[PDB]
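For reference, the structure discussed in these notes is given below.
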Amino acid sequence: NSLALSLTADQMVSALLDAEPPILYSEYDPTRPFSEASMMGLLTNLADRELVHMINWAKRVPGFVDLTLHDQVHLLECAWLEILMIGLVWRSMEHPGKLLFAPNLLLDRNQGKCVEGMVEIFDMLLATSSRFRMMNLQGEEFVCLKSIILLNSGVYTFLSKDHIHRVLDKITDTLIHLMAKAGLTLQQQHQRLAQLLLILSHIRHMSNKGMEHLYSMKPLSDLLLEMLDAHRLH
Amino acid sequence: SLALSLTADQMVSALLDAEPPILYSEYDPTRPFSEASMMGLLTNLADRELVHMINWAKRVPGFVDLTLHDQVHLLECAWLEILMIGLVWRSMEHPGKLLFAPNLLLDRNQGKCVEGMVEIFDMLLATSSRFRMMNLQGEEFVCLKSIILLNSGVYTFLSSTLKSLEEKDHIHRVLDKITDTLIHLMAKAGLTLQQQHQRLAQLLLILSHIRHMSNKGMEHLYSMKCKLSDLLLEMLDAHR
Amino acid sequence: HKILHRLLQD
Amino acid sequence: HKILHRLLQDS
């Protein structure tokens, strides 16, 4: 039924690379000293625009379109901040000690102090970026991890699931294929697979702490508000 | 460090022998269930389990090699995760039920006795359903549990010095060993190479859901202290 | 009615 | 010292 399971390993990689969202810019406001509201306004506006491309990117993930409309809404609602964070961590990789929110908005941990409780999450985001840099995470591996987060974050909350798990196995096969082609031994292949997947737990943690501050903090658009409102089970 | 010199089978035997017992609760079946009584039963049980969990962690290979400050941090971050995967494990053979204790087996209708707890009950049941479908083995469960203890707080360290980064590096070497152990179990269970990495990935992806269940549980435990025991009061205070 | 619905099909 | 600190240190 699903065309995603028939794709080869290379067909999976090139489809994920081609579907990558564009790197957006922040406002070119030269007022480099940020207040608490100006800091929050830039990030909120950037996130509000990144979501539209994320929804487009999600529909190009192999097998995602085969899910029902309710299943797609649920996965995006549960994982959207995780997906933003791993994107932020990925493009901040070549800038140690810095977070590259946009090419015209590169922040350090000192600038995160403008908002309370944010400098703790900056340090976690920086620590994830540094960890990816020490592992030499490749772009082909990044797009596999980001797809996994999309399909795995809400698959165990479907209750009132088998097709998702088959797609997840496919992406796993794709990750191993990338590590064998890069020359890693068999032992190094499963050790690197485990290390990358263990980082997804920390990303989940970062997303949860961030949500906890975001719905306590609440101008965000109605789309971003409905994504945040979905995590108000507390 | 003797942890890095253990073979795969020695790793399993070490973890299996370190398994904590299955405690009982003081659940009197004649007392009418109330919001205060059920939360007290779960708290008293969790406080006694923490004492066993602390002594279990010391028997996990490579854990005692860490500094005492590092040990404190890992347990403070992962204690609710470790209770939850233990709850999920002993609830596998009881579909739709959560086996908090051999004499305390609960369903979701009883989780509604506390507001906001039923939603986490559903996630625990869904996770327990997954271990049942995968036919998770005990040797694999004790590996997953040790991974949680070493992984949940490894990227939350202060690590102000360059030698403090060495403590992070040693944890990674032990985690790679546990990954080698998991693969050893799956190759010995007759799985092919493709099946081994697939199962290894399915197992570690459930840990993301277990972290999610812990974060949501901790959040509600913040408000429940506003409305116990001293060790559990300090474990929870480490997350505020 | 959610904006996520209209975004996932338009 | 916290309780977890002493129990871990207990020998």
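Neighbour counts are summed over all protein chains in view; Cβ atoms, including those assigned to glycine, are modelled from backbone coordinates with ideal geometry. Values in this text are rule-based calculations from the coordinates and carry no lab data.
Quick check on the exposure proxy: order B:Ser5, A:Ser26 from fewest to most C-beta atoms within 10 angstrom. Don't skip to the end; give the middle numbers.
On the way: B:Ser5 9, A:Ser26 17.
Fewest to most other Cβ atoms nearby, the residues stand as B:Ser5, A:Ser26.
Taking 7 Å along the Cα-to-C-beta vector as the label spot, tell me the C:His5-D:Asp10 distance in nanometres, rounded to one decimal.
Each label point is offset 7 Å from its Cα along the Cβ direction, giving 5.7 nm.
Per residue of the stretch A:167-183, in order, report the coupling 6.51 cos²θ - 1.76 cosθ + 1.60 (Karplus, θ = phi - 60°) as ³J(HN,Hα) in whole Hz, putting x for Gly and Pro.
Per residue, the Karplus-derived 3J(HN,Hα) values read 5, 4, 4, 4, 5, 4, 4, 5, 5, 4, 4, 5, 6, 5, 5, 7, x Hz.
Per residue of B:177-185, count partner chain C-beta atoms within 10 Å of its C-beta, then hand back the mean as an integer.
Values: counts 1, 1, 9, 4, 0, 2, 7, 0, 0.
Counting Cβ atoms of other protein chains within 10 Å of each residue's Cβ and averaging gives 3.
Quick check: from the Cα gyration tensor, does the stretch A:115-194 come out rounded (a/c under 1.5), prolate or oblate?
oblate
Please compute the average number of Cβ atoms from other chains found within 10 Å of each residue's Cβ in peptide A:25-36. Mind dumping the intermediate values first?
Values: counts 0, 0, 0, 0, 0, 0, 0, 0, 0, 0, 0, 0.
Neighbouring Cβ atoms belonging to other protein chains average 0 per residue here.
Taking a quarter of the surface of the convex hull around the Cα atoms of the protein assembly as shown, what do you get in nm²?
Details: hull surface 96.4 nm².
The number I arrive at for the protein assembly as shown is 24.1 nm².
Given N residues in chain A, what is Rg(Cα) / (2.2 N^0.38 Å)?
Working: Rg = 17.9 Å, N = 234, 2.2 N^0.38 = 17.5 Å.
That works out to 1.02 for chain A.
Can you sort A:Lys218, B:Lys216 from fewest to most other Cβ atoms within 10 Å of each residue's own Cβ?
Working: A:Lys218 11, B:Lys216 20.
Ranking A:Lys218, B:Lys216 by Cβ neighbours within 10 Å, fewest first, gives A:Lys218, B:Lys216.
Per residue of chain B, what 222 nm ellipticity follows from adding -39500 (n - 2.57) for every DSSP H run with n ≥ 4, rounded to the nearest 500? Please report the intermediate quantities before stating the final value.
Values: 9 runs with 161 residues, N = 240.
It lands at -22500 deg cm²/dmol.
Students often check this: by mean Cβ neighbours within 10 Å, which of B:150-158, B:112-120, A:73-81 ranks highest, and how do the rest follow? Walk me through the intermediate numbers first.
Details: B:150-158: 20.6, B:112-120: 15.9, A:73-81: 22.1.
The most tightly packed comes first, giving A:73-81, B:150-158, B:112-120.
Counting only other chains, and only Cβ atoms inside 10 Å, what mean value do you get across the residues of B:209-218? Numbers along the way, then the final one.
On the way: counts 8, 3, 8, 10, 1, 3, 7, 5, 0, 2.
Shielding by partners across B:209-218 averages 5.
Suppose every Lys and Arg Cβ carries +1 and every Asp and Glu Cβ carries -1, with no other charges. What dipole size does the protein assembly as shown come out with about its Cα centre, to the nearest 20 debye? Walk me through the numbers on the way to the answer.
Details: 46 positive and 56 negative charges, 54 e Å.
For this selection, approximately 260 debye.
Projecting each Cα onto the charge dipole of the protein assembly as shown (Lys/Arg +1, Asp/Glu -1 at the beta carbon, about the Cα centre), which of B:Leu42, B:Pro21, B:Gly217 comes out farthest on the positive side?
Farthest towards the positive end: B:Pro21.
In nm, give the distance between the simple-model label positions of B:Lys112 and A:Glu94, each being 7 Å from the Cα along the Cα-to-Cβ direction.
Placing both labels 7 Å beyond Cα along the Cβ direction yields 5.6 nm.
What list do you get for B:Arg48, B:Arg173 if you sort them by fewest beta carbons within 10 Å?
Details: B:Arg48 16, B:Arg173 12.
With the fewest neighbours first, B:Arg48, B:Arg173 line up as B:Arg173, B:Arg48.
Quick one: of A:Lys146/B:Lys177; A:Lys146/B:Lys163; B:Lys163/B:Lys216; A:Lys98/B:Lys145, which pairs are farther than 30 Å apart, Cα to Cα? Before the final figure, lay out the partial values.
On the way: A:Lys146/B:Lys177 26 Å; A:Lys146/B:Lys163 33 Å; B:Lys163/B:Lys216 34 Å; A:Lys98/B:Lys145 34 Å.
Flagged as over cut-off: A:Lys146/B:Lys163; B:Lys163/B:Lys216; A:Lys98/B:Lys145.
Normalized C-alpha radius of gyration of the stretch B:17-156, against 2.2 N^0.38 Å?
On the way: Rg = 15.7 Å, N = 140, 2.2 N^0.38 = 14.4 Å.
Dividing the Cα radius of gyration by 2.2 N^0.38 Å gives 1.09.
Just grab the label-to-label distance for A:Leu69 and B:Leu16, each label 7 Å out from Cα along the Cβ direction, in nm (one decimal).
Roughly 5.3 nm, to one decimal.
Want the number for B:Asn103 to B:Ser37: 0.36 nm per residue separation, take away the alpha-carbon distance, what's left? Please report the intermediate quantities before stating the final value.
Numbers: separation 66, 0.36 × 66 = 23.76 nm, distance 1.52 nm.
Here the segment from B:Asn103 to B:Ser37 would lengthen by 22.2 nm.
Cα gyration tensor of the stretch A:150-234, axes a ≥ b ≥ c as square roots of the eigenvalues: rounded (a/c below 1.5), prolate (a/b > b/c) or oblate? It would help to have the intermediate numbers written out before the result.
On the way: a/c = 2.99, a/b = 2.04, b/c = 1.47.
Verdict is prolate for the stretch A:150-234.
If you scale each eigenvalue of the Cα gyration tensor by 5 and take the root, what three semi-axes come out for the stretch B:1-95, rounded to whole angstrom and sorted largest first?
Working: eigenvalues 197, 54, 20 Å².
One finds semi-axes of 31, 17, 10 Å for the stretch B:1-95.
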